[PDB]
Amino acid sequence: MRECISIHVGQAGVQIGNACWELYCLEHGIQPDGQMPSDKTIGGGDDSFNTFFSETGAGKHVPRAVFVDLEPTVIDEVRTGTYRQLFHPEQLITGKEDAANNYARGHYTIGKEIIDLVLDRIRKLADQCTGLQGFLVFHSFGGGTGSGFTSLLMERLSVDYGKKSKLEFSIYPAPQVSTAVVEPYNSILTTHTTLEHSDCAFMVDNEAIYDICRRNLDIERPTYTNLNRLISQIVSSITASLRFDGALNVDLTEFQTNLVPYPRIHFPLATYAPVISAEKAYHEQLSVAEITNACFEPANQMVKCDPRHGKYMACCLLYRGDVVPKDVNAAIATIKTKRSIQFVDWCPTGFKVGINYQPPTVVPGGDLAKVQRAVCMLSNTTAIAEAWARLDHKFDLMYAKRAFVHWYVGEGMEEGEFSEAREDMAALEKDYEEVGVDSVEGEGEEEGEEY
Amino acid sequence: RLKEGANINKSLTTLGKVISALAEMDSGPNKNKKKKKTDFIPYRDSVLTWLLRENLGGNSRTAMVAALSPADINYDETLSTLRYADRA
Amino acid sequence: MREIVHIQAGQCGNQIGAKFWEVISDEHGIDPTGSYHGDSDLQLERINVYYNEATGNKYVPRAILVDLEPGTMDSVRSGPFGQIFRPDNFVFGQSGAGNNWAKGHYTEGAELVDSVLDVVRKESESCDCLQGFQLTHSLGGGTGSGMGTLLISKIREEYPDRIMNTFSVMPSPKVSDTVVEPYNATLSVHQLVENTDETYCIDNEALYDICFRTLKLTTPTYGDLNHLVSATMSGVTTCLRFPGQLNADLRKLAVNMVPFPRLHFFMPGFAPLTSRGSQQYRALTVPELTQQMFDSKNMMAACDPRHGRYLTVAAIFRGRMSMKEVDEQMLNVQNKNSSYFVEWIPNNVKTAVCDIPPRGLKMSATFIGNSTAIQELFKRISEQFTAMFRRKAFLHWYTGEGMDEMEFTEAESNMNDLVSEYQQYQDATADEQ
Ligand SMILES: CC(=O)O[C@H]1C(=O)[C@@]2(C)[C@H]([C@H](OC(=O)c3ccccc3)[C@]3(O)C[C@H](OC(=O)[C@H](O)[C@@H](NC(=O)c4ccccc4)c4ccccc4)C(C)=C1C3(C)C)[C@]1(OC(C)=O)CO[C@@H]1C[C@@H]2O
Ligand SMILES: Nc1nc2c(ncn2[C@@H]2O[C@H](COP(=O)(O)OP(=O)(O)OP(=O)(O)O)[C@@H](O)[C@H]2O)c(=O)[nH]1
Ligand SMILES: Nc1nc2c(ncn2[C@@H]2O[C@H](COP(=O)(O)OP(=O)(O)O)[C@@H](O)[C@H]2O)c(=O)[nH]1
Ligand SMILES: [Mg+2]
């Protein structure tokens, strides 16, 4: 029973969770009340997939999710929204203030005296599961809660469970635009915890998703709903390998076995190829080769970085719909002959392939067109270092004058921690510069008895 | 008994083959002083020759001593030993 | 009474096994429910090779399915021939190997191997005179490679004097679907070279080539590749089930094909193969089957025989045909292509003939080659393996499951020694000193 537990921390995490659970409820035919008329009409089936929804005796289906936040308003919206009767009434929302974009407030001062209730409910849920696979944690860098409570929760989760995988999806702050003045501080301090306790952290940038929405969907005035729907589609494509039958299934362990060369390098980029409006869905073939090629283009990346400036170390493709293996083989062979895409010499194979029969669904009121085929691309590359490097520069420009530091130390922090975190980030960058270097030389020789 | 005899005979055959190849390669270069690659010596065909790989090959010296029986009645043994002593 | 126990581990092994049981049940006229409705009386004469009898005049195959993930078992049961298998032979667990050879061999598989061995021993003890075992798996995978090698080791420990075959699907340079293919392939070959009597070399690249260029299929899928493989496996052991003018047991093939203990990797092939509409344009005769068998493009291993020498070849014909034609054709093939056959064997073509052909054909033939060119395959894997082992690309995922860096080195050294052993009988003279 391939069960997974979803954790949503912070405003961004819980809105992404809303768009998510909308998508899965649409997928499984579960009405927003939490019932499922499909089994009643047919008379029985496995459409109540155990991966996300636990089935009670009465026929209701409760999601395997925990929502956490310090601001009561964002979860008062969902406690009185359309899906109010889907979730368990226990939402674990502290009737107090918020972290206010401060790691120390969300980790030392107010991050306490709620974490026990959280861990208690994760214990209850994990007791309810059989053969639990891993955790899918949603949060956002920069924000106070999404950094502090995520750090504390991940430390505790590593201490208790340990061997269970903990995948992470996060909102890295953009290069130019930002929604707070102390984003670099929270990012540079939460990088210390995301490096150790996580197993595979996916990063997506708001500026990149804005550019994709503007270009491909022709939405000139997007909002957060579109970005959340895209992220929900990506997560659904990731998880669909263990919910529906497929020619080549890819579980959550194959993910880490194939994408993680070394323990300190688990930061792959993610892309979704067939993003297109309904009007432009016509006049195009949308075959396997087209989507495979579009996955590799720099313009379609979900993080503002150019893969051409780095090297591809690992690659994982997850196809959905009417896809046969020979098209995937042809596309991979075609890509391998392109000089613009450079692979590290120590990874001759490079590619992991997975195929699923279930095609992607369409959310009513959405923007993505109905398509027969689709693919999701997860690539571990060295270009991601650039995405970090710029932020480090900003951190320096804030830390030379010790601006906004009294706010952090007032809640129980010390100055040196900043420096420590900075040093850790520097080390990580050095690692990303050491793995991508080519091999020394042949470095070993033999003579064929020249006498 | 059959299994033990068969495995012993296979081990002896492999040992004789490796010693014969080693002796031929010893004789050849010793008079010709050439380096006809390094040949292939089937060490891995038996665990006995595999464990003794360092002692058999490379720089080394080896010597097999074979016992006989003077009784007429045991002719089939003595001649058989000769056919193994002639090897290499 | 010669009787064969079939084992199938992993996704690839289970799929090929399902297609194989479909083919065999069609050949022996077995209904999906397990009853018999055939016509010829010779189908029940040797049905006990693969099937046990059941009280309602039913027949149940000796298949033993193994997998560390239950999805493939659910797929197999929910299929055309799912009901035929015994429910107790579905041995499986949860939390699959995840493409990790260490998990398949040491951590996870070590706990399920006891149950699998219990089922295998139960099937073995009910066999009147067991001949050997069969295994279907993929070297480049997770559960399949590790558990297959572990089961082979255990069985050879328990049954030393029985034949052990292996229809293993090895990775390819171009068509690669997993990023840790070289480690799994190396560590699997390190065990197969020791604990197997016969191994058949299969890869998806050659089967795709056959589908594209011979059958002219526009959109082939895994079903067709499994179909070709299953045709080969049914062809190999035909002489155990039907009468013949010149029989050929599995042990006869092993004796004639294997000159030395470590050279037991074979290149399979099947004839005839035609693309539907072309069927009327070409006659079926023994010369045509011989021409197609020895064609370079018909091999299912992606190793060109022209880059080496055939140590041995075996041909198993099925159908009513004249022995003079077979002998003359094999002698002609030996004489004309004199440079592609090893010089120090006077005659290295085994021939066998069986009267009964397949259902919808008049004649057919299976080809099993043993040539030096197979070393190329191993070399390619080595050419990748070191390129990942020098920098320790994904090594920690293995060392966290109990393994060690020395074991990789032993596997590499063993494969290199095998490659050298094949390479020695590959140049077309040895005169200069
Ligand atoms: C009726 C007739 O004359 O037509 C042939 C036919 O057209 C051809 C093309 C058949 C046909 O095969 C294919 O199209 C095919 C496609 C993908 C992979 C493999 C085969 C045939 O389908 C296959 C089928 O073969 C059999 O029935 C054999 O007994 C075969 N068994 C099965 O294919 C089988 C299929 C489903 C379920 C159970 C068994 C077999 C082969 C070896 C050993 C035992 C059995 C035959 C005679 C034909 C058709 C029907 C068109 C061929 O079949 C084989 C492998 O013998 C492909 O090339 C040969 C030569 C034939 O001329
Ligand atoms: N992609 C995406 N990002 C969001 C969304 N909502 C908020 N964010 C990001 O979150 C950042 C703001 O910090 P939050 O994550 O909201 O912090 P918080 O959850 O409110 O916790 P506090 O700081 O204590 O209030 C912004 O910079 C956004 O980039 C969303 O709906 N989609
Ligand atoms: N012929 C064939 N090969 C397959 C099939 N499925 C997977 N493979 C091959 O097996 C490899 C994957 O190994 P896998 O079956 O997942 O190993 P497992 O996880 O232990 O079962 C791939 O490289 C494929 O080439 C199939 O249905 N048919
Ligand atoms: Mg907040």
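Per the header of the entry, the method used was electron microscopy, 3.2 Å.
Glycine too: its Cβ is placed from the backbone N, Cα and C atoms.
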> Of the ranges A:72-91, A:432-451, which one does Swiss-Prot list as region 'Disordered'?
Replying inline: A:432-451
> If you check the recorded positions A:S48, A:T145, A:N228, A:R339, A:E445 one by one, which have a CB less than 6 Å away from any atom of ligand 2?
Replying inline: A:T145, A:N228
> How many Å lie between the Cα of A:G10 (GTP binding site) and the Cα of A:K40 (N6-acetyllysine)?
Replying inline: 37
> By a simple count, how many Cβ atoms lie within 10 Å of the Cβ of A:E443 (5-glutamyl polyglutamate), its own Cβ left out?
Replying inline: 7
> Nearest to A:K370 (ubiquitin cross-link) by Cα distance: which of the recorded positions A:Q15, A:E254, A:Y282, A:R339 is it?
Replying inline: A:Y282
> Can you count the other CB atoms that lie within 10 A of the CB of A:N228 (GTP binding site)?
Replying inline: 21
> Non-local Cβ contacts of A:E71 (Mg(2+) binding site) (under 8 Å, 6 or more apart, same chain)?
Replying inline: A:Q11, A:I93, A:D98, A:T145
> Are any of the recorded positions A:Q15, A:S140, A:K326 near chain C, where near means a Cβ under 8 Å from a Cβ there, and if so which?
Replying inline: A:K326
> Nearest to A:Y282 (3'-nitrotyrosine) by Cα distance: which of the recorded positions A:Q15, A:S140, A:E183, A:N228, A:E254 is it?
Replying inline: A:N228
> Nearest to A:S439 (phosphoserine) by Cα distance: which of the recorded positions A:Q15, A:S140, A:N228, A:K326 is it?
Replying inline: A:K326
